[PDB]
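Undergrad: This one's a deposited entry, sequence included:
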Amino acid sequence: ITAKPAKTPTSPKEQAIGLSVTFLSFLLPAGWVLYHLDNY
Amino acid sequence: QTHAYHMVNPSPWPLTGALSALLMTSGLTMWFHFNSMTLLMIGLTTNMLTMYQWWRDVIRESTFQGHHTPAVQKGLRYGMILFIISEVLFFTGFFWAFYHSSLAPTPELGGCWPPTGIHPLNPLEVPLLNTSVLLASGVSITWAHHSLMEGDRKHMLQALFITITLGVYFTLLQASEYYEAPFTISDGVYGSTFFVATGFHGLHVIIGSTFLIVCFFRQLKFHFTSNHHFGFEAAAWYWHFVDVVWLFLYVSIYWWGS
Amino acid sequence: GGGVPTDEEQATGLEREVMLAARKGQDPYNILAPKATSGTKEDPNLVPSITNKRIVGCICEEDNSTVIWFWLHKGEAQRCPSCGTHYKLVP
Amino acid sequence: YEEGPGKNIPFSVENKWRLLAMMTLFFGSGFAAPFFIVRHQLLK
Amino acid sequence: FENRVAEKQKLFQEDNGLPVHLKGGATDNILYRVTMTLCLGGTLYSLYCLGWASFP
Amino acid sequence: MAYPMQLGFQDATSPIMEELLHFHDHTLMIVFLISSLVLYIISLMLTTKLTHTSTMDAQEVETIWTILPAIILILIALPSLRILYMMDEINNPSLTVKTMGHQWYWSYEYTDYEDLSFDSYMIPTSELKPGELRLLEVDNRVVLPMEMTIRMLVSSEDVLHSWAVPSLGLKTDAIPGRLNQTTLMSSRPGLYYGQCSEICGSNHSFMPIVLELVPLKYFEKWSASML
Amino acid sequence: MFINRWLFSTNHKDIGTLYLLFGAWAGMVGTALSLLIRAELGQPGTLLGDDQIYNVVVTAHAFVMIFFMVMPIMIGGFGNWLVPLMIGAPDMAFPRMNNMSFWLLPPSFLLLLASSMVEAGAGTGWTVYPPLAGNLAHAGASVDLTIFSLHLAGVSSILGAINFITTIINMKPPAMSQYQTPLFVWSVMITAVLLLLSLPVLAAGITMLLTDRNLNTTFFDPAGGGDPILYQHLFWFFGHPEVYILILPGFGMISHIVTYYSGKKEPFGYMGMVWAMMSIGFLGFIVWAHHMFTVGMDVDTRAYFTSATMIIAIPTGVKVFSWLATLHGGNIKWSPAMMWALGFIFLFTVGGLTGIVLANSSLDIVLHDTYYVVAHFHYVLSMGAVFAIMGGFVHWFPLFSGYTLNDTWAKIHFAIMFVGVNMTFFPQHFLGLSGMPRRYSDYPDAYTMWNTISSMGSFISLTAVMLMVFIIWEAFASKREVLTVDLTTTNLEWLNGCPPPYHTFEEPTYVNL
Amino acid sequence: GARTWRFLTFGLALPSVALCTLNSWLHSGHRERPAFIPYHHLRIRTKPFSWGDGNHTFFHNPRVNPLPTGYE
Amino acid sequence: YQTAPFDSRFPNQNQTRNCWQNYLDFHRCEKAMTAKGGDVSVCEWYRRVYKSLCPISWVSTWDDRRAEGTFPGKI
Ligand code: HEA
Ligand code: HEA
Ligand SMILES: CCCCC/C=C\C/C=C/C/C=C\C/C=C\CCCC(=O)O[C@H](COC(=O)CCCCCCCCCCCCCCCCC)COP(=O)(O)OCCN
Ligand SMILES: CCCCCC/C=C\CCCCCCCCCC(=O)O[C@H](COC(=O)CCCCCCCCCCCCCCC)COP(=O)(O)OC[C@@H](O)CO
Ligand SMILES: CCCCCC/C=C\CCCCCCCCCC(=O)O[C@H](COC(=O)CCCCCCCCCCCCCCC)COP(=O)(O)OC[C@@H](O)CO
Ligand SMILES: CCCCCCCCCCO[C@@H]1O[C@H](CO)[C@@H](O[C@H]2O[C@H](CO)[C@@H](O)[C@H](O)[C@H]2O)[C@H](O)[C@H]1O
Ligand SMILES: CCCCCCCCCCO[C@@H]1O[C@H](CO)[C@@H](O[C@H]2O[C@H](CO)[C@@H](O)[C@H](O)[C@H]2O)[C@H](O)[C@H]1O
Ligand SMILES: CCCCCCCCCCO[C@@H]1O[C@H](CO)[C@@H](O[C@H]2O[C@H](CO)[C@@H](O)[C@H](O)[C@H]2O)[C@H](O)[C@H]1O
Ligand SMILES: CCCCCCCCCCO[C@@H]1O[C@H](CO)[C@@H](O[C@H]2O[C@H](CO)[C@@H](O)[C@H](O)[C@H]2O)[C@H](O)[C@H]1O
Ligand code: CUA
Ligand SMILES: [O-][O-]
Ligand SMILES: [Cu+2]
Ligand SMILES: [Mg+2]
Ligand code: NA
Ligand SMILES: [Xe]
Ligand SMILES: [Xe]
Ligand SMILES: [Xe]
Ligand SMILES: [Xe]
Ligand SMILES: [Xe]
Ligand SMILES: [Zn+2]
């Protein structure tokens, strides 16, 4: 396939932020539940 | 467009139908477990409103707007045939349950069929009358079909009225036989098979009778042409399906199973 | 014993347009498969369109399972890129 | 209706950071749900 | 009965931009509003019933 | 029982389990060979810059690819069905034992001669004696005579269970209202373990089976002492 | 406008988009459930609770992965987007019924999530066998909510099947025979026929379970002369076809991906591929009792079900060999989609071969209700169906969105997922041969090493799932618009551009005879 | 044709219904109900019915449908 | 007598009817022998076979139902 250059380029820093936010959105809520199992 | 197919206007009825399904199922749950019919009665009401408006719109699209080209009609033919096939396989599951239980009666039954303590209906009395009624209705609907193709409004209406009257007669006879039956749905696998299989059949008779009554009012309003009348064809195919299921129930449950 | 309308009397909208065109041997709504010409530059397949381009599928030989798809544009006849069969747009 | 890239979807991609928030809430809520149902069952 | 299909063809082909489910006129809007209100209200009630049934 | 880092079947305790091991060896060779050939051919298709992208004729090659698999399936089915019918063969048992599945324990009935029955429960982890196995020991083992054909009849008094002893090649569903038969013959004395093998609720993981295979004379005295 | 477009749709592409979003969300639910399973099993002892909470998680895992992730993505998503485009049709036959197939799924999912929230959940297995699933051993609403979830999912799929069969039969160009339609279109038509015939039998069976639970019927209750084994026959008469329903659209996407990235105009042996899919569909109806080899059926019945099941290897092998013959001589493009497809060919083959082991009733006595079965079906589902979904997603994302993925990120994603799924499931073969049962919250100590490794694998797969969400974000964040796509002459779905207009084929294709 | 199917409706189908109606008519009237025996495979109650007192079937006929404890 | 022999009428995994038939046969024989005040020792083979094969709870349930008058088999 060919494609145009990005209309809104995502820099390495911007990618680190999106990847970090993505991973935290999975890991923090599950981690909170599993940390608190004994309490439950 | 330079094809013959129907681009349907954006419609709310798929969503109201899907939500009616949620309300009926959550409603049955609320009735079986939380002693309340309220959700179920909302779901049945929204289901009937959805069906009414959706099929009203199909009539608007076809009779009033002309979107049912031969290509569109051919698609509807396939859709109704495929729907009937799915309904056949649904009944196949109940016949399987019936043959499984009756061909290998367990010790709890007395090791015999019919089970100890079951007094079956006489298949030569009301069950035979029901058979004559649905077979007769298969003949009258065929008369109605040919009258419509021949352009005869009065005879189409008379034949279709006779067909509906026989469907109603079958339903009243079945209601009476349910009340008179000395066995119930709780009378082991005999009652279970008898009432669930005949009960789903009775529901299909009511659905098919309703479809025929829709066709009767559409005919009164001149919707059908002598060549274009798919709703009538579909109702007739459905009605033959209901007849054929009855004949299998009669031979299997009422006669061979007695 | 009458009283049932005919399609001639009561068909409307696209159903009626298809009905009236078929009486005249015409196919404006593409119900029929078009019959091929020899497909030479002198005798190209004539492809009707209501715009200035239309997709052609070329079944290059009878019973090929592979259909070759391409846009045909208004102007000089184009060739199927697999078999070289000529097609000319008639807008 | 709007046609073309970023327009044939029920969510906006006009702002990549708003989109990150929306995607976070969407996928995160699905992944979280079973942990919170387990918590619910353990707490009865 | 008289054949009034032509008058319904004219009504449902009127160039007024209405979708087919509203093209009959004001009664269609009322029946739409009743249907959608029962559906959405019933759905909110089904969610309340889940909340209630989720605890002893 | 299984041992740590085990790759294959528990060692055969019965002749039919021996047969199943040899049949599995034959079948696994075929699985290995076909898996390996597909991986090798993928790698062969992907490692050349040479090309041929014009239409390719299929019919000759499809003969090889249907016939060779058909022959391989026949070579699996033949010994598969020999073993199926061997297990089903008439053997003349010396003893009949019944087991009833319950939530969550097994009961055993030895009613050829006297009214012997008892319940068999998992030893709780906190009550294991030193050297005993977590989740596998029971209070009352299924004592049976070694080197003898035994008819085991299996049912349930509640939900589905399944009575399994892997080292004897045994797994029979425990269905209420149904009496399922299997045959058991141990070539050796010892202790042979199994676990409930149909999801049956809260303690499905915790209702094991222990057979204790001993000489007939020991089995007879044990039977008498359990009345 | 937003409500009209997204809640009142009559458009095949927008409805396909709704299905892909729904399936993606379902995949996150099913992944979380899979991690709860592996967290419980990842060290000896008890983490969550006893087998009831554990088997509620296992049961929900299966229903979510099958009915809310795989079927909606393959059939509702890829099928709605691609089938009309691949036959030059302006939409589906029943564009408004199509929208109802979609909107039945959120309510179906809501009933499943309600089942798990009320009482103690439905800890039954996805098979829902009585009497554990009956009103004594599972009293209260959970199992009824599960049955109603299945009813709504089944109506969705039955109406969808009617739509696909009608569209594929009736809405091709008049010159195009069935033997000139692409293999993906065949794969959807055959899957639709399987749905139409199988789901009504499931409907009958779970309806019988509902009446045994609520109306004092005794279909499955020996006290009334019923039989728990009748339920198993009705369930599996649906359940074997269902696994072919799960893989057939995968087979169709694999054919297109292998052809495309081999630089070929056509798959090898088109009519053999059609024959193979129809043969698998047919044979798929006559093998169900290989799920019942331990229930006590007669020896001759076991012999028949062994033999009939093994026959499926012949048409399936023709497909595997035909994919290899499509690669043969290719100008191979090592795209991420091609990597998914190559992983599929190998890993599907392994799982199909462990299925042939299981087809042998004598050996199945020892393997039934063990992790050997779990290893078999996760090779074909978590490495077959899922690899076909991921290959199709990365191949067609630019068509659907008009934007490109970052191919390097997509290759990283593939590599992590490949390691995770193999680490998860390969060791389960050893656990099954050595006798570890299914649906256990805890295991004898001997099984610890392989359970530990399996759970570590599941966490690697989680990392791949998290990265996939980032990779989709990065594509929409960066907005690299598609320009040129190769091989449009043999891939009609691309010929209207990326994304295609809301209305395509308003003027149909010209195809002569 | 329509004429032939009308001939079959009135000449064969409705006469058949009339004769079966006559047959049913002549065999109507109540048969003596059998001695109640509390068989465990009949009058199943695993869960109360969702109507009435929970112990009556939906089309309960007191004359011919005994309860688990016998006739009313 | 050691245990119930192979019976060609019941050759398959499902032995339900074997237990049932032998329980019926014992009780039919016992009724036939007690009616004439004949000898129930002639019924002994059926007794041994049903006792060997039948779960204790099945026999116990069937006996209770014969006492109650709710046994559904013909004796
Ligand atoms: C996508 C899903 C999927 C697919 C396609 C399959 C495909 C197959 N399955 Fe499987 N199966 C499951 C999903 C699937 N299965 C699930 C979910 C269960 C468990 C259900 C439950 O209990 O919850 C299961 C259970 C299951 C059992 C029951 C085991 C038990 O419970 O004890 C059996 C028994 O025969 C079976 C067999 C097979 C066979 C023979 C095929 C065949 O179709 C495979 C054919 C493929 C090949 C053989 C490979 C390619 C061929 C070649 C390279 C040619 C050469 C090969 C030879 C000569 C052998 N599977
Ligand atoms: C499609 C079906 C499917 C899939 C994909 C999986 C995936 C996984 N499954 Fe399972 N599983 C089943 C179906 C499936 N499973 C079934 C039917 C059972 C039997 C239930 C029963 O016994 O009743 C079962 C049982 C089962 C068990 C046995 C439980 C027991 O017997 O006690 C285990 C144990 O480890 C397991 C683990 C996992 C793991 C770790 C994954 C991981 O590989 C999952 C990793 C994540 C993914 C693969 C991503 C998924 C998401 C997408 C692909 C979304 C894509 C998004 C876009 C395209 C935009 N599952
Ligand atoms: C002339 C006959 C017409 C039938 C109309 C009767 C009732 C309404 C429902 C009809 C639908 C049909 C079948 C549903 C199940 C059972 C009813 C069977 C027929 C019937 O009416 O059976 C009665 C019992 O009804 C009962 O329990 C009543 C139970 C009422 C609640 C029904 C629960 C609904 C079940 C869910 C349906 C699921 C559908 C699946 C869709 C598939 C999706 C893929 C029999 O009465 P009785 O007193 O036991 O015996 C007679 C004694 N004198
Ligand atoms: C107590 C009982 C309550 C239960 C609820 C269900 C009850 C009743 C439902 C009864 C079904 C009524 C269907 C009415 C359809 C009217 C629309 C119609 O018939 O539309 C026709 C098209 O057919 C088409 O869509 C064909 C459409 C076919 C739909 C048929 C569906 C059968 C429905 C089954 C529903 C549930 C069954 C499941 C049970 C388990 C319109 O085309 P024509 O006729 O050619 O007209 C055009 C000419 O005028 C031109 O000259
Ligand atoms: C306890 C409760 C659990 C069950 C939940 C119930 C589920 C859902 C609630 C249903 C709401 C139904 C509302 C009516 C739907 C009518 C569909 C219809 O009639 O669809 C037609 C196509 O299907 C055709 O023909 C032929 C097919 C017509 C089928 C009609 C409806 C079937 C509903 C249930 C079917 C399951 C089958 C049972 C067998 C297992 C029309 O297609 P459209 O795309 O609209 O238009 C196309 C235009 O060109 C027309 O001018
Ligand atoms: C299967 C999916 C899950 C995989 C594993 C997830 C990886 C964990 C991610 C982090 O999760 C967090 O971990 C913290 C601990 O590291 C928790 O804080 C807890 O512990 C802290 C340290 O004691 C306290 O300060 C906090 O108050 C307390 O909430 C916090 O709640 C939780 O969100
Ligand atoms: C536009 C929408 C807004 C309107 C809201 C709807 C209002 C519904 C109120 C009616 O409530 C009902 O009350 C009945 C009387 O209490 C209940 O019968 C219940 O109690 C009866 C009394 O004994 C029993 O006989 C029945 O079996 C039993 O289901 C019934 O379940 C319940 O639905
Ligand atoms: C789509 C398919 C639809 C199928 C419809 C329903 C099928 C019912 C057919 C009868 O079923 C049989 O029942 C026998 C008992 O009546 C079984 O005998 C088994 O069970 C008996 C005790 O229950 C034993 O005495 C026998 O030896 C033993 O072989 C036999 O295997 C089985 O085939
Ligand atoms: C369009 C919007 C949608 C409309 C939503 C309307 C919701 C209003 C429902 C009213 O709720 C009622 O509450 C009753 C009690 O307060 C319940 O009675 C039932 O439960 C009672 C419990 O006290 C008992 O008397 C009986 O079981 C029975 O009468 C019954 O569940 C329900 O009808
Ligand atoms: Cu008992 Cu599992
Ligand atoms: O199901 O294999
Ligand atoms: Cu199967
Ligand atoms: Mg099992
Ligand atoms: Na654990
Ligand atoms: Xe194999
Ligand atoms: Xe859950
Ligand atoms: Xe869930
Ligand atoms: Xe589901
Ligand atoms: Xe279903
Ligand atoms: Zn050409």
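TA: On my side now, so go ahead. Residues are numbered from 1 along each chain as shown, chains lettered A, B, ... in the order given. Ligands and ions are numbered 1, 2, ... in the order given.

Undergrad: list the contacts for residue F:15?
TA: Taking CB atoms under 8 Å, 6 or more residues apart in numbering or on different chains, we find residue F:15 in contact with F:185, F:187. C-beta: built from backbone N, CA, C; applies to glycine.

Undergrad: ditto for residue G:90
TA: B:1, B:3, B:5, B:7, G:84, G:171, G:503-506, G:508.

Undergrad: rerun at 7 Å
TA: Applying CB atoms under 7 Å, 6 or more residues apart in numbering or on different chains to residue G:90 gives the contacts B:1, B:3, B:5, B:7, G:503-506.

Undergrad: from those, which is closest to chain E?
TA: residue B:7 (11.4 Å; CB to the nearest CB).

Undergrad: and the closest residue to ligand 3 within the stretch 101-250 of chain B, which of the three is it?
TA: Using CB to the nearest ligand atom, the closest approach of the stretch 101-250 of chain B to ligand 3 is made by residue B:199 at 2.4 Å. In three-state terms, and counting by DSSP: H, G, I helix; E, B strand; the rest coil, residue B:199 is helix.

Undergrad: hmm, back to that, only the buried members of the contacts of residue G:90: can you turn that into a ChimeraX selection?
TA: The buried residues among the contacts of residue G:90 can be selected in ChimeraX (16 or more other CB atoms under 10 Å in any protein chain shown) with this line:
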select /B:1,3,5 /G:504,505
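
Undergrad: Turn the contacts of residue G:90 into JSON lines, columns for distance to residue C:29 and secondary structure.
TA: Shown next, in JSON lines, are the contacts of residue G:90 (distance: CB to CB, whole Å; DSSP: H, G, I helix; E, B strand; the rest coil):
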{"residue": "B:1", "distance to residue C:29": "8", "secondary structure": "coil"}
{"residue": "B:3", "distance to residue C:29": "6", "secondary structure": "coil"}
{"residue": "B:5", "distance to residue C:29": "9", "secondary structure": "coil"}
{"residue": "B:7", "distance to residue C:29": "13", "secondary structure": "coil"}
{"residue": "G:503", "distance to residue C:29": "16", "secondary structure": "coil"}
{"residue": "G:504", "distance to residue C:29": "17", "secondary structure": "coil"}
{"residue": "G:505", "distance to residue C:29": "13", "secondary structure": "coil"}
{"residue": "G:506", "distance to residue C:29": "12", "secondary structure": "coil"}
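
Undergrad: Quickly list the domain ranges of chain F.
TA: Domain segmentation of chain F under CATH domains of a matching chain yields F:2-91, F:92-227.

Undergrad: Which residue is most remote from the mean position of chain H?
TA: For chain H, the residue at maximal distance from the C-alpha centroid (CA atoms, centre = their mean) is residue H:1, at 38.4 Å.

Undergrad: can I assume residue G:441 is in contact with residue G:51?
TA: Yes - shown here, residue G:441 and residue G:51 form a contact pair, counting by CB atoms under 7 Å, at 5.0 Å.

Undergrad: what touches both of those two?
TA: residue F:205.

Undergrad: Establish whether the helix or strand harbouring residue G:309 and chain F are in contact.
TA: Using DSSP states H and E, residue G:309 sits within helix G:299-311. Yes - Helix G:299-311 reaches chain F (CB under 7 Å from any CB of the partner chain) through G:299, G:302-303, G:306-307, G:310.

Undergrad: Can you name the residue of chain F nearest ligand 9?
TA: For chain F, CB to the nearest ligand atom, closest residue to ligand 9: residue F:201, 29.6 Å.

Undergrad: May I see the buried residues of stretch E:25-44?
TA: For stretch E:25-44, using 16+ other CB under 10 Å, the buried residues are E:28, E:31-32, E:35-36, E:38-39, E:42-43.

Undergrad: out of these, who's near chain H?
TA: Counting by CB under 7 Å from any CB, no member of those is near chain H.

Undergrad: nearest spatial neighbour of residue 6, skipping sequence neighbours?
TA: Unless you meant another one, I'm taking chain A. residue G:478 (4.0 Å; CB to CB, 6 or more residues apart in numbering or on different chains).

Undergrad: oops, I was thinking of chain I
TA: Residue I:6 sits nearest to residue F:90 (CB to CB, 6+ apart), 5.1 Å away.

Undergrad: what's the domain layout of chain B?
TA: Taken from CATH domains of a matching chain, chain B resolves into B:1-67, B:68-258.

Undergrad: Dump the ones you listed to JSON lines, plus distance to residue I:9.
TA: Below are the domains of chain B laid out as JSON lines (distance: least, CB to CB, whole Å):
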{"stretch": "domain B:1-67", "distance to residue I:9": "44"}
{"stretch": "domain B:68-258", "distance to residue I:9": "13"}
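
Undergrad: For residue F:86, find the nearest of these.
TA: domain B:68-258 (27.3 Å; CB to CB).

Undergrad: what about the one helix or strand residue B:20 maps to and ligand 4, touching?
TA: For residue B:20, the host element (DSSP H and E) is helix B:13-34. No - legend: contact between helix B:13-34 and ligand 4 by CB under 6 Å from any ligand atom is lacking; minimum distance shown is 10.2 Å.

Undergrad: Give me the buried positions along the following helix or strand past that helix.
TA: Sequence order places helix B:38-59 as the next helix or strand after helix B:13-34, per DSSP H and E. Under the neighbour-count criterion of 16+ other CB under 10 Å, helix B:38-59 has B:39-40, B:42-43, B:45-47, B:49-50, B:53-54, B:56-59 buried.

Undergrad: just checking, what packs against helix B:38-59?
TA: helix B:13-34, helix E:26-53 (3 or more CB pairs under 7 Å, 6 or more residues apart in numbering or on different chains; DSSP states H and E).

Undergrad: could you dump it to PDB, C-alpha only?
TA: These are the backbone C-alpha positions of helix B:38-59, laid out as PDB (Å, rounded to 0.1, in the frame of the first residue of the first chain):
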ATOM      1  CA  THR B  38     -44.700  -5.500  34.800                       C
ATOM      2  CA  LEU B  39     -41.500  -5.700  32.600                       C
ATOM      3  CA  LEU B  40     -43.000  -8.500  30.600                       C
ATOM      4  CA  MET B  41     -46.200  -6.600  29.800                       C
ATOM      5  CA  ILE B  42     -44.100  -3.500  28.700                       C
ATOM      6  CA  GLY B  43     -42.000  -5.900  26.400                       C
ATOM      7  CA  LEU B  44     -45.000  -7.600  24.800                       C
ATOM      8  CA  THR B  45     -46.600  -4.100  24.200                       C
ATOM      9  CA  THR B  46     -43.400  -2.700  22.500                       C
ATOM     10  CA  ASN B  47     -42.900  -5.900  20.600                       C
ATOM     11  CA  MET B  48     -46.500  -5.600  19.100                       C
ATOM     12  CA  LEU B  49     -45.900  -1.800  18.400                       C
ATOM     13  CA  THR B  50     -42.600  -2.700  16.700                       C
ATOM     14  CA  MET B  51     -44.100  -5.500  14.500                       C
ATOM     15  CA  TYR B  52     -47.100  -3.200  13.600                       C
ATOM     16  CA  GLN B  53     -45.000  -0.200  12.500                       C
ATOM     17  CA  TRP B  54     -42.200  -2.300  10.700                       C
ATOM     18  CA  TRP B  55     -44.700  -4.300   8.600                       C
ATOM     19  CA  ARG B  56     -46.800  -1.100   8.000                       C
ATOM     20  CA  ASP B  57     -43.600   0.400   6.600                       C
ATOM     21  CA  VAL B  58     -43.000  -2.700   4.300                       C
ATOM     22  CA  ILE B  59     -46.600  -2.100   2.900                       C
END
